[PDB]
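Engineer: below is the structure, and that's it, no one-letter string:
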């Protein structure tokens, strides 16, 4: 079991790539260990960067063994809990382990309607289409409207409905092969657009 440099979620085991998910497994559903290992990581909660010693905004993670669960999925001991692990082919479909366990929703940015806030990051909604083959897991639906200044992105209150643009925001989906932190798809009017971290 080898974690990628600088990562607390992405690793290789028995020559296959996995990540630790945010899916907790109750202790009663955890069965035989499959791999014994012990790794301590220190993670800055703000920058999510690895540290060599703890600080005021750090969390210490003890990663300990891989187990088979009662549904034959695999999981990993993380501190006092167990979290399912999945192949990297599933990234974005299922969220990676959240540090906060030891912000996680989509909100149209209050200052610029062409942006979405997610996980403490800001995402720019592009004019690039996400094809049906790139479109992955359903995450949420906004079902919102913004009427905004076409140049500045500043929204206009409904009571007042300068060039103006109306966007009608639909579903949010993962993009296959990408974590949600990297990118996701947002339904704008009649098609899915690519949103990427700014």
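Structural biologist: Sure, I can see it. Numbers count the residues shown, from 1 in each chain.
Engineer: would you map out the domains in the chain?
Structural biologist: Domain assignment for the chain, taken from curated CATH domains, gives 1-102, 103-198.
Engineer: residues touching stretch 90-105, excluding its own?
Structural biologist: 8-10, 19-24, 43, 45, 48, 59, 61, 78-79, 81, 83-84, 86, 118-120, 136-137, 140, 174-182, 184 (C-beta atoms under 8 Å, 6 or more residues apart in numbering). All C-beta spots, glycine's among them, are computed from the backbone N, C-alpha and C.
Engineer: how about the contacts made by residue 127?
Structural biologist: Residue 127 touches residue 193, counting by C-beta under 8 Å, 6+ apart.
Engineer: picking that back up, and the contacts of stretch 90-105, which are buried?
Structural biologist: Neighbour counting by 16 or more other C-beta atoms under 10 Å classes 8-10, 19-21, 43, 48, 59, 61, 78, 81, 83-84, 86, 118-119, 136, 174-176, 178-182, 184 among the contacts of stretch 90-105 as buried.
Engineer: on the three-state scheme, residue 89 is what?
Structural biologist: helix (DSSP: H, G, I helix; E, B strand; the rest coil).
Engineer: okay, now it: neighbour count?
Structural biologist: By other C-beta atoms under 10 Å, 11 other residues sit near residue 89.
Engineer: where's it relative to residue 177, distance?
Structural biologist: To residue 177, residue 89 is 8 Å away according to C-beta to C-beta, to the nearest Å.
Engineer: what do you get for residue 121?
Structural biologist: 19 Å.
Engineer: residue 81 too?
Structural biologist: Counting by C-beta to C-beta, the gap from residue 81 to residue 177 is 28 Å.
Engineer: give me the contacts around stretch 57-64.
Structural biologist: 3, 8, 20, 37-46, 51, 54, 76-79, 99, 102.
Engineer: the residue of the chain most remote from its centre: what's it in contact with?
Structural biologist: In the chain, the residue that sits farthest from the middle, by C-alpha atoms, centre = their mean, is residue 162; the gap is 36.6 Å. Under the criterion of C-beta under 8 Å, 6+ apart, the neighbours of residue 162 are residue 149.
Engineer: name the SS class of it, please.
Structural biologist: Following three-state DSSP, we place residue 162 in the coil state.
Engineer: now residue 73: closest residue in space that isn't a chain neighbour?
Structural biologist: Nearest residue to residue 73, sequence neighbours excluded (C-beta to C-beta, 6 or more residues apart in numbering): residue 84, at 5.6 Å.
Engineer: from residue 23, how far out is that neighbour?
Structural biologist: Taking C-beta to C-beta as the criterion, residue 84 is separated from residue 23 by 4 Å.
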